[PDB]
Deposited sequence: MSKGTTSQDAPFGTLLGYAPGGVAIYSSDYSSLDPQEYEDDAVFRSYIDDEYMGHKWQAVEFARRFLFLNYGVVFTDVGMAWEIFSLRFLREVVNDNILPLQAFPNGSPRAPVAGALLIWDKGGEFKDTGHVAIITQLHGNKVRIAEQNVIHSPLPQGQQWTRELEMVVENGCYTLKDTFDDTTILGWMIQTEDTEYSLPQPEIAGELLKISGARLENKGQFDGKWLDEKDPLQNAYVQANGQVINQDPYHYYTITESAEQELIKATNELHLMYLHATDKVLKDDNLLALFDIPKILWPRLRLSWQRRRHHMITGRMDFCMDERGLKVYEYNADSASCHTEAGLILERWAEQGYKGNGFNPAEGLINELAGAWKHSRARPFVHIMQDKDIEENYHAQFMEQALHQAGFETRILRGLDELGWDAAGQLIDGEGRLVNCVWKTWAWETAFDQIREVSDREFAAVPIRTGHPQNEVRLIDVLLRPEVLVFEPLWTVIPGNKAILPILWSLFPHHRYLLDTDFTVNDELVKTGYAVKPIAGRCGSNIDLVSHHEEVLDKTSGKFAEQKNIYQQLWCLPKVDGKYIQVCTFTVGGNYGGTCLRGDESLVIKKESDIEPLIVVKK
């Protein structure tokens, strides 16, 4: 049957289409049910997820290949962002494969690389019936709600299934419950596959002069701020196994959910929100932003620590994040100029990933881009405008605020006399939050913004907080961006493998392990204080946030490879993994002036 042909339904009346493409017949491939993404039309995963959502209102995180599903340990309940537990069971197990359970196949034979995922509709005395997409492309029998039957075998309490193929491996089934009995543990990876490795290029004088094309305005923009220099030794680059990246993608999609699951919890209790030191006048605004703009986050960066010790996360820059051009364009150019290998730059598709985000965002036709007057932010801004243009939107880059002004009534318009109602800022939300605390001793009934002024002096706050102006990133991003959320994440996912015990007061265990003091609203590594268990200040950086609240996070020093400390950074575009990049530095603390270290994933 043709691609998209309704072949029939599964229990509850869930459609099953023919995913049969054909070299004889890009965003339209996204399957959505309202604002919730189901998958890719019409893979096995898309159906599996849509089945669970339409029938149980739950969904499993984003996954590259279907076989990967078997490694997940939880599902998300949509209507409340609540996380439920998911258990795994091997083929041939005491825990019986009940109807509604997930059945996963491992890449192999009939499912060479992708693997497979299906749903069990009904169990029997010696056979189970299942529903699945992308494996059968012919219209099912009228009324039959299952695509294939599988010979089950019950022996002394052990349920085993035999597929209808002779070259496929049925991993097992998955059930949503707290009863861990008979289940398999959460797969931890071999630390050795997580270590960072350094390497060098054959110095054929590849980066001796103008290797960065200055014809390209974007690259020339980069130079204007950094010249023809990415990092000290441009002939040296690090690498990570494909196994390691997979891990990163995994830990990125998972921590994203966790972060939102906690963001949603904080906005549901004034006792927690009260900890982020955010102007009480904005609380209602935060909650509204969280509710109506739940899926509007464009991108964010996650700081990690990776090596033999395992993978841990330092912070999640969900509000403002740079380094997009670096791992995005410069490195591509770097590789294109000097890397003659088989590896690949993990951020070689960030621009495209962004355009996709913007297309599916509800941003308006014309988007004013707000940046500071730092020539250092010119390329970051132009890098995004490019993505925006690729998405089709129209833009105009605003440098500073001198161009803004109000009409007679009080409407926010730009220099050319146009109305500003949708902006993408490079400005941190915290900066706007400060223009509020300046006049904190006044009793204002609402956020103190100007809708008019003699000198026509517009302020950052007089824009981002102007009700009818749509902003990216959404206001709620400030919550998962504030480090005050770490203690809560630990409180919610205690002892999680990617987490570090964090608290507002140097508790007891932090003491015996050492810890890092970090301002909740900081960044660029400012005012960071590392204290080991021997109560010795391993390092201390200055900064302006020296007067904010702090949080204490169990120490977990960055690894040192080839004379530098290497931190790993993954990107999140629209909630899913978007790429990776390294940030090396002489000190344990990555600061603003750290360098970008070329990275190549090898197989």
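Numbering the deposited sequence from 1, one finds several regions with no C-alpha coordinates, namely 1-9, 35-40, 619.
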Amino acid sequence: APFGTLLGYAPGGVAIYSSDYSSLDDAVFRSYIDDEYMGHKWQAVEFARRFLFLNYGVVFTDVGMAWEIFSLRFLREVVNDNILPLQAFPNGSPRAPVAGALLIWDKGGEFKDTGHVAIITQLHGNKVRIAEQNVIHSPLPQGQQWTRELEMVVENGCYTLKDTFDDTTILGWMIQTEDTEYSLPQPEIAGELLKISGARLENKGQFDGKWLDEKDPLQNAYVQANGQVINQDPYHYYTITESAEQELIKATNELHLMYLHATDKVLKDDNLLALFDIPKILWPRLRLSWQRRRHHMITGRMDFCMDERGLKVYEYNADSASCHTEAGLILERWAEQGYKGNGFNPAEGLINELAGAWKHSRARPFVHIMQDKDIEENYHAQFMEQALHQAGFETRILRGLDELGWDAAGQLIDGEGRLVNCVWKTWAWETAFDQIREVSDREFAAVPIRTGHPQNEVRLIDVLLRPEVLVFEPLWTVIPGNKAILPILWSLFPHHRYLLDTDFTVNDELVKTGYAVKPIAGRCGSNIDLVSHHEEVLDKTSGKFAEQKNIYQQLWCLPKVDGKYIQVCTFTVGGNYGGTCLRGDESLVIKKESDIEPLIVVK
From here on, numbers count along this sequence of modelled residues.
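As the entry records it, the average C-alpha temperature factor is higher for 185-193, out of 185-193 and 269-277.
When 432-440 is weighed against 308-316, 432-440 comes out higher, by mean CA B-factor as recorded in the entry. Within the group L286, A244, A484, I528, the record's highest C-alpha temperature factor is found at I528.
In the deposited coordinates, the residue among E473, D113, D81, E132 with the greatest CA B-factor is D113. The PDB entry assigns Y515 a C-alpha temperature factor belonging to the highest third of its chain's modelled residues. In the deposited entry, the Cα temperature factor of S594 sits in the top third of values across the chain's modelled residues.
The PDB entry assigns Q337 a C-alpha temperature factor belonging to the middle third of its chain's modelled residues. Among all modelled residues in its chain, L582 ranks in the middle third by Cα B-factor.
Sort the chain's modelled residues by C-alpha temperature factor and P559 lands in the middle third, per the entry.
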